[PDB]
Every structure is written in structure tokens, then in C-alpha cells.
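[1] return a 3D structure for these sequence lines:
(chains A, B and C, ligands or ions: 3)
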Amino acid sequence: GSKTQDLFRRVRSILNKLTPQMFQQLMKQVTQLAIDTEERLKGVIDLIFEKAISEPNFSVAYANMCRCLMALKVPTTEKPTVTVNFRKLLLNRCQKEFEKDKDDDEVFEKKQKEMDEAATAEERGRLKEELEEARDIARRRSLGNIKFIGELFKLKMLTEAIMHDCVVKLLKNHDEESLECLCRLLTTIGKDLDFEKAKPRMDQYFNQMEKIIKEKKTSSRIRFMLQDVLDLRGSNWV
Amino acid sequence: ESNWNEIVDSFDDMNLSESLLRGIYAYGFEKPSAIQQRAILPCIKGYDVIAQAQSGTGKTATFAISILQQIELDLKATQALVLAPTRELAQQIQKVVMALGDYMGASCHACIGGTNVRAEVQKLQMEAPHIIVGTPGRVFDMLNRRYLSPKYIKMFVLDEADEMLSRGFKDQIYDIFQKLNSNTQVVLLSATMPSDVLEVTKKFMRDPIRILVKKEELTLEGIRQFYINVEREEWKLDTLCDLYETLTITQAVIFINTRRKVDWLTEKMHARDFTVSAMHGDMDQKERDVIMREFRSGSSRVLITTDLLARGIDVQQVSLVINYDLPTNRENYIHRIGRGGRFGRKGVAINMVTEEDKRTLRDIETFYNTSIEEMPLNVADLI
RNA sequence: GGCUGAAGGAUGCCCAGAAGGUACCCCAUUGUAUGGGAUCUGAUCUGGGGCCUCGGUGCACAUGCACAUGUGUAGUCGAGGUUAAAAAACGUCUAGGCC
Ligand SMILES: [Mg+2]
Ligand SMILES: [Mg+2]
Ligand SMILES: [Mg+2]
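    Numbering: from 1, shown residues only, chains lettered A, B, ... in the order given. Ligands and ions are numbered 1, 2, ... in the order given. Find the structure here:
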């Protein structure tokens, strides 16, 4: 029992120490971790994903760390004749995080009634602060998840199709949070996506948000980030 | 307070020009500070404003927005003067205006001393920047020889007048005002509200609008402070290792009072896979700036510092401060934490306190009137 | 009661099919939304895939005599064919096998 907890301690220490420059020296430590049980694998993937979506700046390193464990098979505890690759588990966490938006407003709605139930001014203000704080905690998560997925794409653990059906999904939901995520994703994947095999489809994406740029219906800051993304595209992604 | 009673939520309602908004958002501004909240609209409309707020915390940014909004883009001339207590802060304010005006197409300059006079003459002749920053003495020495245009200037600005009063250039600004026009907008800001600046108000600036920003440094309850009952000095490093093994550390600030321990712990940590940047008391100011910006960017995830150096410059984007050794200066504790700007919305403090310093913990807890909870074993969820 | 490991499963790769997506296009309502179609896909499931033929090298054997020829092939390098598909000899579990 203590082995799993010790493995979690060491994995979290490695994640905290992990930085882009010192990458290689820690990777041996990663390959020397005895991950041989579905519970240990799930916990390690939980730690990696939580760190990587809660702290986008270093996510690059974590992304590359995931590449070192792209092939780490483990036997499922339920049926010990089956195996789960690390990639299948890490991607499932990423996809599950990507589509929480369909339910996300719901939980806010489940708290929205409380806004009415906080009668006095002090209670009303405290409830409003908590719900906006929750909205911040979620928007910070979605952005981290998007950047992590985009970073996994550059390491080829994804393919162009998933990016092309993620960008379109973000864009179809014209709400602010989705457009912010779209800006972040394109900013981090433009160079590795702007190829001739995807030239037609891409040529619509930006054109679409150009209408957004011209509509000014959304908040200014959204337009401003979209202008930054379009200008970065105009300069060959550098 | 503010005799002007329009307190704004954000920049969106401030009716700024779109390009100026692009500059300010490319800089990074999201929510206004108090002087940004209030003291921006008065200077947009054209009123003459007296203000008092902390230096370097976006106080200059407010009049940067206002002035750049009032500047006419078409005319290539100097429409506003800015006068700073020194020359290097003038360079910083020029750079920060460029940060808010790179999309404008306008031009700003920093007329500073120790420079070739005819070089400045030619630079002004080729293109007159829309605004100019500088220091009253050399600014007058530069202007009096007709190297600029004291005609088109329609907003005169003083920043850190208390510092200019310390320089004793009251007559110098007297002549600078005497040179310029009559009905031009005037804004003066100061660090404090002394009697000399108040006398300057009634002499030059008509019908003052007063901005009184209250500087504060007490946000004790916002940030939590825990302590670890480690009693042996050799086990302090093991305690830090355990902390890194049981916490979700983004970046950390390591405070060490002395000098030898700084290099001792730096080498000990560098033996491990950590990436650190360390600052000493015998360092310069320039390489200190290099190290500070390096840690700010994120290429290093540990900043080892000494309290006075962190007082000289601070970054509040850090989610964990290890008070490795409690400071002999008890008051400096609040500086060591750095709670002066509500940095601890989610920020935590850790005191790795040796046994005999439990007494020290006691008098800081009592005198500062706080509550230092003990390090829970199951804090991984609480943070 | 402890050591070890079958291209027998699982995993990875390739192929087929299915759920799902599909900015652009077309068709319907017609409202720029939904549904259907066409490609393009397929973070996910269900199956299938461990072929031949020829050389080089190495090895072993058998002959003649250290050397040569013939034979079989080392998870061998290549060279071509064949099936829609010619794969990580696999950070895995077993059936066993041994003490
Ligand atoms: Mg379909
Ligand atoms: Mg299959
Ligand atoms: Mg099979």
C-alpha cells in the first residue's frame, strides 16, 4: 500500500522540479518509476494532467514528459488479462476535460438559484464573489487543457484531425470562453498546423473570426486577442 | 478619497480609442487600480488634476492613457510635456508609454542629461514626438534654446513633485510654466501631500481636482501562514524536500537572512534537479534586474533572496514563500511576505521554524495579531 | 511454497467496418439553426494481418580437402513479388517450464 503513495510523492516531486531546461536530467528518473498497476497509472496520469492544466507556462515540459511514457502498458485490475496504455488514459482525461462545457453552465445554474437565495447584501455579495471565483477557476482550467492538448499535438501524440474538429467545436460555441480557448490553441499550434494539406479548411477558420472581428458584438478583449492571433498568422507564426 | 465621484469598473466603459485599447491590452492591463479607476476620466475630458498615489504601481499609467487619448495623431509636434524626478524613471515611463502606444503610430521621447546637445537638436528637428518626458532642470535647459515648440503643448504634467521639491527646482518649474501657454491642461501628481506641493497647486493649476489614493500594506487574513515544527538545522533541507514532495508548487521564493546560507543552500539544491536563481547582498543592481526578470519569465522555478533585496523589487505571481529563517527584523516580516497588494488571494506562507525560534513565532503571531496554524499532514487537498 | 516466459491473448503499427466530428460544398426545411447527402476524418469500439521468392554475410552440418562445393537457417542485412493489410519480437498477462 505504501508503494503507491511513495510513487505519488516521487512523481509530484519530479513534476515540481520539471522545467524545460533541466528536462533530460530528470527523464531517467521518470523511466525508473515502477508503474505496474492500473491504480498507480491512473494516479500518475491524474497528477500530470492536473499540473499541466493548472499551470500552462511549464506545460510544454509536461507534454514532453508524457512523450517519454507514450508506451507504458499496465494490466487492468478488474480483468487482469487486459492492458491499458498510458496514452489511452491521458487522452481520455484530456477529452473529458475538453467537453465539460456542455455540463459546465449547468453546475453554475445549480448555483445560480443560490444567487436569489442570498437575501441580504452581504450574502448576495459573497455569493456573487464565489460564483465569479468559480467561473475564473473553470476558465483557467479550460485554457490549461486547451494549451496542453495543443502541446501534445506538436509531439505527434495527436493528429491534425483532432485539432480540426476541436477548433471548429470551439468556434461553433461563440461564447467568450470558447473563443479565448480558440485563440490560445491557434497561438500554440499555428506553425505546426499551417500546411498545404490543411490550407483550404484553415482559410475559412480565420475568415470566420474575421467576421467576428468586424461584428464587434463580443467583448473587446476577445476581438483584441483574435486580432493578435490573425496578425501572428500573417507573420508566418513567429 | 476623490472629490470627483465617478468610480469606473473597467477600461471597457472608459470610451478609449480602439488603437489605444490595443496598446493597453497588448501590455496586459485588465482591471484598473484605484487611480486608474477614478483619476482617468477627469484628464480625458480636459480638466486640471492634482493626484497623489504610490509610484510605479500604474500611477503613471493613468495619465498615460489620458494623454495618449487627448493627443492628436495627425500633427507631428509636441503637444504635452512630462516632468519626472529623475532621468532613468523618465526612460521607464517613456518605455511604458510605448507599451501602450505601439499601435498608435505616435512618438514619445525622453530628454535626459549627459547627452550631445546638437544630437538632440537634430532628433527634434527630424521629428517632434507627440509627448516628452524628462526632469525640470535639464528640460528647461533644453527648451529655453528653442530646440522644441512650447506652442502646441496643451498638457503639462508633473510626476513626483515632492521629489522635484526635494531637488529644490521650484523656480525652475516656475519658469517652465511661464514659458508655456495659458489655457493648457495641467496635471500634477505626488507621492505624498506636503505643504510645498499644495502651494504649487494654488499658483499654477486652476480649480484643482484632488485624487487622494490611500496606500495600504495590511492584508494579513487574506494569506494563510503555516509553520513546520522541524527542530534540527540539518533537517531543514529534508523539510524543504518533503514540502516539494507533498505540495503543488508552481514557483517558490526562499528567504534567507544571511549570506553564507544562501550559497550553501543554492549548491545543495543545485545538486538536486532544481533550477534556482540566487541573489546576494554584495551584488549590483543590473544583474539583480537580470535575475529578477529571469525568474519572472519562468526559466527558473526557485528564487533565493534576502529580505532587503525583495523589498527593493518584488513579483507577486508566486504561489509559495518559504520563510526559511525568521527575520531578525520583525517588521520586515510583512515585507518578507509582501502582503501589501493582496498578493495572497491563494498565496501561502511556510515558516520552517527551528525549535528555539518558536518564541519568535510567538511574538510575531501576537504582535502582528495573526494565527499561525500548524502544517497539516493532509494539506495536499487544502491547497 | 519461489524463479522464468509462448508473435496464445492484450498493447503498439497497418487494413476493413461502426459510433462520433466534419470549417467549406449540395439538398430540405429554410435561419443562418436543425436534419440529410458528399468528401475529409475518426482522441473511441468491433474484427483481420506474423505472407512468399532470391541474393550477401555469419553460423552449423555433410562432402571433397587451412580452403572449396552442397544443404538448413540468424527473431540476420538487403532485392523483389503477393494480400485491403507484411507490424513494437512488445515498460503486459496467462498456458506452461524449472526449484
Ligand atoms: Mg458519420
Ligand atoms: Mg483491433
Ligand atoms: Mg488477432
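[2] look up how far residue A:28 lies from the residue of the stretch 51-200 of chain B found nearest chain A.
    Closest residue of the stretch 51-200 of chain B to chain A, C-beta to the nearest C-beta: residue B:103 (9.7 Å). All C-beta atoms are positioned from the backbone trio N, CA, C, and that covers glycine. With distances taken as C-beta to C-beta, to the nearest Å, residue B:103 is found 48 Å from residue A:28.
[3] tell me which of these two has more neighbours.
    residue B:103 (17 against 9; other C-beta atoms under 10 Å in any protein chain shown).
[4] quick one: that one and residue B:17 touch, right?
    No - using C-beta atoms under 8 Å, residue B:103 makes no contact with residue B:17, being 9.7 Å away.
[5] walk me through the domains of the chain.
    Using chain A here. Chain A breaks down into these domains under automatic domain parsing: A:1-156, A:159-238.
[6] that's the other chain; I wanted chain B
    Domains of chain B are assigned by curated CATH domains as B:1-217, B:218-383.
[7] pull up the distance across the longest one, start to finish.
    Spelled out, that is domain B:1-217. Start and end residues of domain B:1-217 are separated by 17 Å (C-alpha to C-alpha, to the nearest Å).
[8] for residue B:256, what are its contacts?
    Residue B:256 sits next to B:262, B:265, B:304-306, B:324-325 when contact means C-beta atoms under 8 Å, 6 or more residues apart in numbering or on different chains.
[9] touching, residue B:36 and residue B:64? I think so.
    No - applying C-beta under 8 Å, one finds residue B:36 not in contact with residue B:64, separated by 10.0 Å.
[10] of those two, which one has the most company?
    Taking other C-beta under 10 Å, residue B:36 and residue B:64 do not tie; residue B:64 has more neighbours (27 against 21).
[11] so which residues of chain B form strands?
    All strands of chain B, identified by DSSP state E, fall at B:49-52, B:80-83, B:108-110, B:131-133, B:155-159, B:185-190, B:209-212, B:224-228, B:252-255, B:276-278, B:302-305, B:320-323, B:348-352, B:373-374.
[12] likewise for chain A?
    Secondary structure of chain A (DSSP E): strands at A:74-75, A:83-84.
[13] what comes up buried for the longest helix along chain A?
    Of all the segments of type helix in chain A, defined by DSSP state H, the longest one is helix A:121-154. By 16 or more other C-beta atoms under 10 Å in any protein chain shown, the buried positions in helix A:121-154 come out as A:127, A:138, A:141-154.
[14] gap between it and the chain center?
    The chain centroid and the centroid of helix A:121-154 are separated by 12 Å, computed with C-alpha atoms, centre = their mean, to the nearest Å.
[15] right, is that helix up against RNA strand C?
    Yes - under the criterion of C-beta under 7 Å from any atom of the strand, helix A:121-154 makes contact with RNA strand C via residue A:149.
[16] quick one, what contacts the residue nearest to the spatial centre of chain A?
    The centroid of chain A falls nearest to residue A:145 when counting by C-alpha atoms, centre = their mean (0.9 Å). Counting by C-beta under 8 Å, 6+ apart, residue A:145 touches A:53, A:94, A:97-98.
[17] on that earlier part again, got the strands of chain B as JSON lines, with distance to residue A:21 and mean neighbour count columns?
    What follows is these, written out as JSON lines (distance: least, C-beta to C-beta, whole Å; neighbours: other C-beta atoms under 10 Å in any protein chain shown):
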{"stretch": "strand B:49-52", "distance to residue A:21": "44", "mean neighbour count": "24"}
{"stretch": "strand B:80-83", "distance to residue A:21": "41", "mean neighbour count": "26"}
{"stretch": "strand B:108-110", "distance to residue A:21": "35", "mean neighbour count": "22"}
{"stretch": "strand B:131-133", "distance to residue A:21": "38", "mean neighbour count": "26"}
{"stretch": "strand B:155-159", "distance to residue A:21": "40", "mean neighbour count": "24"}
{"stretch": "strand B:185-190", "distance to residue A:21": "42", "mean neighbour count": "23"}
{"stretch": "strand B:209-212", "distance to residue A:21": "45", "mean neighbour count": "18"}
{"stretch": "strand B:224-228", "distance to residue A:21": "29", "mean neighbour count": "19"}
{"stretch": "strand B:252-255", "distance to residue A:21": "17", "mean neighbour count": "23"}
{"stretch": "strand B:276-278", "distance to residue A:21": "12", "mean neighbour count": "19"}
{"stretch": "strand B:302-305", "distance to residue A:21": "13", "mean neighbour count": "25"}
{"stretch": "strand B:320-323", "distance to residue A:21": "21", "mean neighbour count": "23"}
{"stretch": "strand B:348-352", "distance to residue A:21": "26", "mean neighbour count": "21"}
{"stretch": "strand B:373-374", "distance to residue A:21": "36", "mean neighbour count": "10"}
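[18] of the ones you listed, which is nearest residue A:111?
    strand B:224-228 (24.6 Å; C-beta to C-beta).
[19] which other helices and strands contact that closest one?
    Identification of packing neighbours for strand B:224-228 by 3 or more C-beta pairs under 8 Å, 6 or more residues apart in numbering or on different chains; DSSP states H and E yields strand B:348-352, strand B:373-374.
[20] dump these into a markdown table; add distance to chain A as well.
    Formatted as a markdown table, those follow (distance: least, C-beta to the nearest C-beta, whole Å):
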| stretch | distance to chain A |
| --- | --- |
| strand B:348-352 | 14 |
| strand B:373-374 | 21 |
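[21] could you redo those as JSON lines and give each row distance to residue A:117?
    Converted to JSON lines, the helices and strands packed on strand B:224-228 look like this (distance: least, C-beta to C-beta, whole Å):
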{"stretch": "strand B:348-352", "distance to residue A:117": "32"}
{"stretch": "strand B:373-374", "distance to residue A:117": "32"}
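[22] shouldn't residue B:207 be in contact with residue B:48?
    Yes - in this structure residue B:207 lies within contact range of residue B:48 using C-beta under 8 Å: 6.6 Å.
[23] so between these two, which is more surrounded?
    Taking neighbours as other C-beta under 10 Å, residue B:207 and residue B:48 compare with residue B:48 leading, 20 against 6.
[24] contacting residues for the residue nearest to residue A:17 when sequence neighbours are not counted?
    Closest residue in space to residue A:17, ignoring its immediate chain neighbours: residue B:273 at 4.7 Å, by C-beta to C-beta, 6 or more residues apart in numbering or on different chains. By C-beta under 8 Å, 6+ apart, residue B:273 lies in contact with A:14, A:17, A:22, A:25-26, A:29.
[25] residue A:84 now?
    Taking C-beta under 8 Å, 6+ apart, we find residue A:84 in contact with A:38, A:41, A:73-74, A:76.
[26] which one of those is nearest residue A:207?
    Among the contacts of residue A:84, and counting by C-beta to C-beta, the member closest to residue A:207 is residue A:41, at 43.1 Å.
[27] count the neighbours of the closest one for me.
    Residues lying near residue A:41 (other C-beta under 10 Å) number 22.
[28] and what of residue B:242?
    Other residues close to residue B:242 by other C-beta under 10 Å number 16.
[29] could you do residue B:182 as well?
    Residues within reach of residue B:182, counting by other C-beta under 10 Å, total 4.
[30] likewise for residue A:190?
    There are 18 residues near residue A:190, going by other C-beta under 10 Å.
[31] just confirm residue B:39 contacts residue B:211, I think it does.
    Yes - using C-beta under 8 Å, residue B:39 is in contact with residue B:211, at 4.4 Å.
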